[PDB]
Amino acid sequence: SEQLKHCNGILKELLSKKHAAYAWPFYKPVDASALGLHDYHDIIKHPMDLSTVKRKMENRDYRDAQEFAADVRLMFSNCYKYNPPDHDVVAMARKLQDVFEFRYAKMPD
Ligand SMILES: Cc1nnn2c1-c1ccc(-c3ccc(N)nc3)cc1N(c1ccc(Cl)cc1)CC2
C-alpha cells in the first residue's frame, strides 16, 4: 500500500532526531505510576504512544491510512485531555501534531 508506506514514513520522521526535542514524551506508553499521575488511567480510556503505533505498523495491524491516523491523533488527544492547556507537554504535542498533520495531508491518492 502506497498510503501505508507514506504513513510509515511519517512515523519514522516523528521518531527521528529532527523532532526529538518535542517528540520524546510520546515515544513510550505513559507510565502513570512512575510519573506519579495516579489519575491518568481514570481520565484516559485508550492510551496511545509512538512505540505502540510502531509495533502495530510492524505487525501489519493497520489496514488503511485512516486507522493509523486515528491512533496518532488519539495520542495527541489524550495529552490535550489530561493536561492543562498551558502545560509544556501540551506545547510539545501541538508542535508534533503540526508535523504530523501537514505531512499526513500530502497522502498519495
Ligand atoms: C505523553 C504525555 N502526555 N501527558 N504527559 C505525558 C508525558 C509522557 C512521558 C513523560 C516522560 C517523562 C520522563 C521520561 N524519562 N520519559 C517520559 C512525561 C510526560 N509529561 C511531561 C511533562 C513535562 C514535560 Cl516538559 C514533558 C512531558 C507529562 C504527562
Point to revise | Test set (1) part of a helix (DSSP H, G or I); (2) surrounded by 14 or more Cβ atoms within 10 Å (Cβ to Cβ) - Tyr62 fails condition number | key: (1)
Review point. Quick one: is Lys54 among the charged types (D, E, K, R), assigned to a loop (DSSP other than H, G, I, E, B) and out of contact with any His (no Cβ under 9 Å at 6 or more places or on another chain)?
Key: no
Check your understanding: within 25 Å of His6 (Cα to Cα), within 12 Å of the ligand (Cβ to nearest atom) and touching a helix residue (DSSP H, G or I) at 6+ places or on another chain (Cβ under 8 Å) - does that describe any residue in the range 58-77?
Key -> yes
Revision key, fill the gap. Filter the range 35-44 for residues that are more than 11 Å from the ligand (Cβ to nearest atom) and in contact with a helix residue (DSSP H, G or I) (Cβ under 9 Å, 6 or more places away or on another chain); the one that is nearest to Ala69 (Cα to Cα) is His41
Exercise for review: Mind listing just one residue for me: the one in the range 80-109 that is in a loop (DSSP other than H, G, I, E, B) and near the ligand (Cβ under 9 Å from one of its atoms) and, of those, surrounded by the fewest Cβ atoms within 10 Å (Cβ to Cβ)?
Suggested key: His87
Revision key, fill the gap. Checked the range 42-94 for anything more than 23 Å from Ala21 (Cβ to Cβ) and among the hydroxyl-bearing types (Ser, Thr, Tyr); matches are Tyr62
Review point. Applying the selection to the range 43-57, what residues are more than 24 Å from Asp109 (Cβ to Cβ) and over 12 Å from the mean Cα position of the chain (by Cα)?
Key: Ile43, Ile44, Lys45, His46, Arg55
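Can you tell me how many residues in the range 6-35 are in a helix (DSSP H, G or I) and surrounded by fewer than 11 Cβ atoms within 10 Å (Cβ to Cβ)? Talk me through it step by step, then tell me what you get.
To start, the set of residues in the range 6-35 that are in a helix (DSSP H, G or I) comprises 6-14, 17-26, 32-35.
Filter once more, keeping what is surrounded by fewer than 11 Cβ atoms within 10 Å (Cβ to Cβ): 17-18, 21, 33-35.
Qualifying residue count, the range 6-35: 6.
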Check your understanding: Picking from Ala23, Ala32, which residue would you name as being in contact (Cβ under 8 Å) with a residue 60 or more places away in the chain, within 13 Å of the ligand (Cβ to nearest atom) and either under 22 Å from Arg103 (Cα atoms) or out of contact with any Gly (no Cβ under 9 Å at 6 or more places or on another chain) (or both)?
Key -> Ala23
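As a convention, Cβ positions derive from the backbone with ideal geometry for all residues, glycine included, and neighbour counts pool all protein chains shown. Each reported figure results from applying straightforward, stated rules to the coordinates on display, with no laboratory input.
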